[PDB]
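Heads up: numbering here begins at 1 and tracks the sequence. Indexing begins at 1, ligand by ligand and atom by atom, following the structure's order. Because only heavy atoms are used, hydrogens play no part in the values below, and waters and symmetry mates are left out as well, while side chains stay in.
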Amino acid sequence: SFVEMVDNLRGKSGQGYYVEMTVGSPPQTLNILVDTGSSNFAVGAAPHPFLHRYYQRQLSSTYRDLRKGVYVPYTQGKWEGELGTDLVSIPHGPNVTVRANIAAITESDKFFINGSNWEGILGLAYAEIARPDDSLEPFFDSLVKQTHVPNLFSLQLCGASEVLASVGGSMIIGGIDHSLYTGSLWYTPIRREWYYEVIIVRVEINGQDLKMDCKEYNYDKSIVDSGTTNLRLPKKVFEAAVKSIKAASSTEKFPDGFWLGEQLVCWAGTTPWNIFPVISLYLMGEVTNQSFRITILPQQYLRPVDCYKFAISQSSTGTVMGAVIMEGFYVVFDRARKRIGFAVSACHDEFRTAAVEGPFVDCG
Ligand SMILES: N=C(N)NC(=O)Cn1c(-c2ccccc2)ccc1-c1ccccc1
């Protein structure tokens with residue numbers, strides 16, 4: 001009920017956000033990672049060391065084989081499965097049940113994470129990048145086609161023995177829950193419908209323009225992906241960023257392992273938040289020379305591990321606006337209007353606030 005959908009996501013810091021879902025008949029319960037950076041509905045369907053629970057096609061009276069496998073390799077692992085179809089529901093989402101394609105994973109390589117608690121993955125991006133090809137209708141596409149839920153979904157990623165801290169959030173499917181944000185919603189166009197691709201026109205490491213040709217901010221592409229933790233930047237922008245960040249926090253000093261994202265830096269509640277600057281990402285607006293900025297605090301790019309890890313890393317796939325950027329913002333994936341809206345979140349110190357400000361006046 002939007003209301004029924006509030007706080008329907010759980011996660012372990014840095015390990016993603018999942019939503020409970022059910023598959024088959026009787027309903028099999030599973031936690032599924034919400035990924036706007038992929039397009040397959042893939043779930044474990046065979047025993048695994050990190051899996052304490054998986055999809056059993058055998059118990060589903062409504063399961064249907066497609067006889068057609070799916071092999072998906074990547075630099076580090078893979079997941080192989082058998083393609084199928086079955087009934088799927090989201091208990092704390094819309095009150096509907098649709099028949100969707102399901103990639104039943106039977107063999108994997110560094111796919112599943114130890115102790116994350118999700119058993120599958122919900123690829124929420126377009127068919128362009130779906131495996132094995134674009135003929136395998138992504139889950140959301142089946143949802144809208146069958147039920148008559150509106151082509152749009154929102155994500156309010158929130159953030160925060162010893163254990164990784166637990167995170168919470170909401171995935172409101174079919175609409176916009178106005179109590180999840182304050183201020184107005186600024187939309188940036190979806191450049192192309194494959195990944196949720198957008199355009200960054202300018203960047204600032206607190207007031208200072210990085211002054212690069214904007215094509216660099218999107219060198220290759222720029223995407224909004226909940227399935228990625230860190231804010232990943234093209235090598236050139238990345239180094240320009242760290243330099244600026246190191247120059248502003250210098251009244252403090254740390255090792256390279258820290259900036260290379262592979263090392264923590266701890267202080268308790270003494271944390272020097274204010275030495276670290278805010279990062280402003282201006283996104284192309286709906287009107288050609290109009291843009292708007294989303295400003296993020298160190299509380300965002302310094303992920304807790306008191307200890308923290310630098311949540312900004314280098315990339316050769318382009319820019320990736322991951323969880324650490326989406327947090328503190330209510331993000332709207334308006335597939336119907338082909339755009340993405342940003343607004344300060346209900347989720348979210350007394351000197352600086354994350355912000356969504358506009359407007360401002362060849363980047364892709
Ligand atoms: N980068 C993304 N947005 N999405 C993926 O990489 C999805 N993905 C994939 C994947 C690769 C190609 C096509 C469909 C899914 C393999 C492993 C993951 C994964 C698993 C757990 C946590 C994070 C990623």
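Remark: ligand 1 atoms within the under-4.0 Å shell around heavy atoms of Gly227 are 23 (C). Within the listing of ligand 1, atoms 2 (C), 3 (N), 4 (N), 5 (C), 7 (C) sit less than 4.0 angstrom from a heavy atom of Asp35.
Taken to the nearest 0.5 Å, the CG atom of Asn31 stands 12.0 Å off from the CG atom of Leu122.
Remark: aromatic rings of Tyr196 and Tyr126 are close, center separation under 6.0 Å.
With atom 3 (N) of ligand 1 as the reference point, the heavy atom nearest to it among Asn40, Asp225, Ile121 is part of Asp225. Nearest to atom 15 (C) of ligand 1 by heavy-atom distance, out of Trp118, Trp79, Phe111, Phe112, is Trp79.
Applying the 6.0 Å contact sphere to NZ of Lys243 captures no more than 12 heavy atoms from other residues, nucleotides or ligands.
If you look at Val72 next to ligand 1, the close heavy atoms, those under 4.0 Å, all belong to the side chain.
Defined by atom type and a distance below 3.5 Å, a donor-acceptor pair is present between the side-chain atoms of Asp86 and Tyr55.
Note on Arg335 versus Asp141: salt bridge recorded, some NZ/NE/NH1/NH2 to OD/OE distance being below 4.0 Å.
At a distance under 4.0 Å, no protein heavy atom can be found next to atom 6 (O) of ligand 1.
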